[PDB]
């Protein structure tokens, strides 16, 4: 729902760069079988950047259909113009998605006041639960804990994807928000740490190819079995890192193809095909995880 291992799912494409429905179906069955808690549809790893809003919606709706109620679906709804964020969100109103993942505006570098006004207006135009998303390395913008606390007072703003990799944020935010506000890691390599500090789960790239291990790792973590969870983490750590050897989702799409989870590893420009060195790097990491 908004806890445990949530997959930031690739948008599998055919060689023309359009969504491949057979491959998407395969992935969703895989996550259902693997115990993945929920799917984020057309977020960062889903190539929101290169899909238009029509194409984006189509993929979300298709993911919802294919999930067929077996697994919750969260739509990516980020936009750097507030009007566009509202319009995108409105597409999914009364759709069946259980919530939205909405990133700080990118490029235009708003103030903390701008962020507040952005997310508040968005939340006001929907009944859907909103998960905030902070990823300064991609946006040029850093949603600080104090502002998270402001926004957590809005009824349908109910969690955050914290992708800074700065573990001090977990308790800075937690102390400012209510106990049911959800704290999700957006950084695979630090996600178990994030959970040990009081985080509730992760929105994961790694889970695309190691869904069963990730679900188990998060379950152990939630049970306070951190040492057991670390064993899994150590097995996956090469993948947490090397899935970013080239820009995400170049590595993870290749990985999915190699594992036979998708038909092709095709991306849209300006993402380009994985290099030979990248292939070998990712293959090694998959081997280390025992997936190959």
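Positions refer to the first chain, counted from 1.
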Of 81-89 vs 175-183, the stretch with the larger average CA B-factor in the entry is 175-183
For the C-alpha atoms alone, is the average B factor greater in 219-227 or in 59-67, going by the entry? 219-227
Whose CA atom has the top B-factor in the entry, of 47, 54, 246, 258? 258
Quiz for you: based on the deposited Cα B-factor, which of 166, 95, 102, 112 is highest? 95
Pull the Cα B-factor of residue 34 out of the PDB entry and bin it into the chain's lowest, middle or highest third. highest
When the modelled residues of the chain are sorted by Cα temperature factor, does residue 19 land in the lowest, middle or highest third? lowest
According to the PDB entry, is the CA B factor of residue 162 in the bottom, middle or top third of its chain, that is, lowest, middle or highest? lowest
Pull the Cα B-factor of residue 75 out of the PDB entry and bin it into the chain's lowest, middle or highest third. lowest
Compared with the other modelled residues in the chain, in which third is the CA B-factor of residue 286? highest
